[PDB]
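So here's one chain in two forms, each on its own in structure tokens, numbered structure 1 and structure 2.
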Structure 1
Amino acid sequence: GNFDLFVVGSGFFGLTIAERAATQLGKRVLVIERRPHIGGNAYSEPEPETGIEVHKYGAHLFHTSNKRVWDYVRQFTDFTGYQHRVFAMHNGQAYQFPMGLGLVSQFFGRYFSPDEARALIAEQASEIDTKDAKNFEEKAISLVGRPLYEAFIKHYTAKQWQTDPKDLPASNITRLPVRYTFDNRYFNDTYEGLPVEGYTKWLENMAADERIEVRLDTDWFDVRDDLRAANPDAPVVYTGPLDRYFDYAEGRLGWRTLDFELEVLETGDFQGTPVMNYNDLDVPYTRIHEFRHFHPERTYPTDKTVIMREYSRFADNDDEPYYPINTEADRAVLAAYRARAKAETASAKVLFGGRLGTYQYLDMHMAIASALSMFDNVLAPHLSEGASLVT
């Protein structure tokens, strides 16, 4: 049939756009998705042996301080009262985390009060002067001191960035706070929780409107010419890779990827907490997720659990792209593609959005906020009142 709007990609950005067009302007929307499932990287699914919901592209924790977004998402799902907390494994011991009075007292072997901890860190971090810092390693030492740096930062950084911290620029550290309280709540956003029926149901609700069609297993580039010949005045919101859209004509944007190993174990509980960071070099993974703990309210089985080991890697051409590397070279490459994108927008009615469309890491709430904004300020005016898509 006929379409008023094409959305490429069914992640949170894509589905926010598609939903808002359908329900707020009455528009016919086609969502083209190349994967065999919707939801982009927020997709979740039960592990078969155990029934436990697993986040297939990495652990997804929802948090936001944006009231508008919080009100928007709650139309599609309820949230549990989950609060994220993380522990760290170093030299055979499990530490409270992030760095705070708990970790400090554990690591140094006795209670440090807020004033005493402040004094300790100050003294140890004085080894290097921050403005003299030549690189990441030195800057981190100049902020938290060498003992804490070498125990909980050095090797974890090396694993996560796949680069020796001495070869990372000092530039990539703004602050490196130690909490001078025992508060170990990981995020400090106003709103936080996990979707009660899980992420996939949430995303399916966003696509529920009759005026939205979702075509899975479909690559936009395989179908666009005849789809747009069908509906020439239909604008496009594209949330796939930016460099691919222009046939890599400016070069490939660099990304980091993640490898996961899912394992079902014959115990009811492997580590007693959702996420354990592994700070030492003697194991190759950065973190282990245990998914039963994301939803304690669920009646999961008692004799099995599923865990997931996470590993960091530079992305090869065909790896899933997760984090932009963002070298100067990358930023110059990006610069060229957004010029192309602005010209494609003006000439072909194609908007570029989302994590892949803009070469940006985006949290779920930031992707949603981004899409709501594109809708309100660029796309809806066009669809409703013929306004230009040129900014």
Structure 2
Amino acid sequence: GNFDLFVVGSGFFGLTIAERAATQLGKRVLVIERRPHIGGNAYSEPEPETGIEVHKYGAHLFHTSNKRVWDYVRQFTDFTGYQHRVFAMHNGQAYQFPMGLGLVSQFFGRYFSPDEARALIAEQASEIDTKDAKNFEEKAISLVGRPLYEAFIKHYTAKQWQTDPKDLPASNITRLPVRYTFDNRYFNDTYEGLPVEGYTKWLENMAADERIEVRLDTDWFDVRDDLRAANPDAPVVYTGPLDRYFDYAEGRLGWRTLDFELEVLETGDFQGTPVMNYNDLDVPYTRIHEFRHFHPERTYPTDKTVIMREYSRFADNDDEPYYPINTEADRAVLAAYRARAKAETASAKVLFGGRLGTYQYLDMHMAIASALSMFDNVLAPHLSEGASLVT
């Protein structure tokens, strides 16, 4: 078989690339996936007992303000009207979350108006200006104030990262909306929803073109030399972990990984909301997912439910990495791997993309936007005009 393009990894970055090359240029694409399933961390599957669709790697919520991405993804799936909301469990109480008049009134024990809340938080955040903040801890404190930081941010962050907050990226906290209204949407984007027929169906729709071949249970590094030899003109888009690609030659990047405990309970409803964060040090998990709440429109049992406890730890050499940590030390090692990546692009026509491929904290919509850009601006001209990958 002949191929015009190799894609390593079948997550949203890889499949966006594969779909674009196949449909927009008529190219033959081989997608190589080491896991037994498609879709990267966005993969979903039914829990056998209940038939409830489970997100295998914990809740995945789609949201974007990029209309071009919204138009693109709607070609492969419809979306529900779901809007994500998260509650935070702290000292035995469930709190409205994230930062907003709900959290403020609950935590400080009486109603604060928008102007009263702004004044309160300003005093409590005064040790640092959001302008000046050098790191996660400083930025977080500057936005929500020290008391709310100590209660809802500090120990959740310790569990999720096991890394000094002063050495975590400031951009980690700005993922969360900061409001002085009673709005408690977890995201602040124009479009959001869940795929009506689930994530796995969406992903399979992206790989549906007959010019796309997907090989699961296959490690690129075991098969690449013979594949490339048989198709030497084909470039490669790699979306596996960046340090692993170069056999950790420049050091090991710090990654976090997750373990899950899935449980079917003999009640119809465990927590009354899709995601409950556990912000205290006294429980091992960071949050519990209850998946029935994502799809009320489905034929789900009324006397059973599936929940999933999420636990975070360091990615060892055995594990598969889920989160880039990006300490200052990580960033120096990153700079070395970026030099290696650019060299491999020039020498071996290998492009690097995605959360793992670029060591970036990317959501689905970010990964898809990035892949659309790579295709239009870099890969398509190489594939169809023989333009250089060295732009």
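Residue indices: 1-based, along structure 1. Here, rigid core means the biggest group of C-alpha atoms that superpose within 1.5 Å across both forms.
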Exercise for the section: Sort out for me whether 1 or 2 is the form solved in complex with uridine-5'-diphosphate. Expected result: 2
Completion exercise
Just one entry of 267, 171, 75, 190 has its C-alpha move 2 Å or more between the two structures under rigid core superposition, and it is 171
Exercise for the section: Could you check whether the CA atom of residue 127 moves 2 Å or more between the two structures, using the rigid core for the fit? Expected result: yes
Practice task
Superpose on the rigid core, then tell me if the C-alpha of residue 229 is displaced by 2 angstroms or more between the two structures.
Solution key: no
Handout entry: Rigid core superposed: residue 240 CA moves 2 Å or more between the two structures
Key = no
Practice task
Check the Cα of residue 217 between the two structures on a core superposition and give its shift in Å.
Solution key: 0.2
Exercise for the section: Keeping the rigid core fixed, work out how far the Cα of residue 91 travels between the two structures, to one decimal in Å. Expected result: 2.5
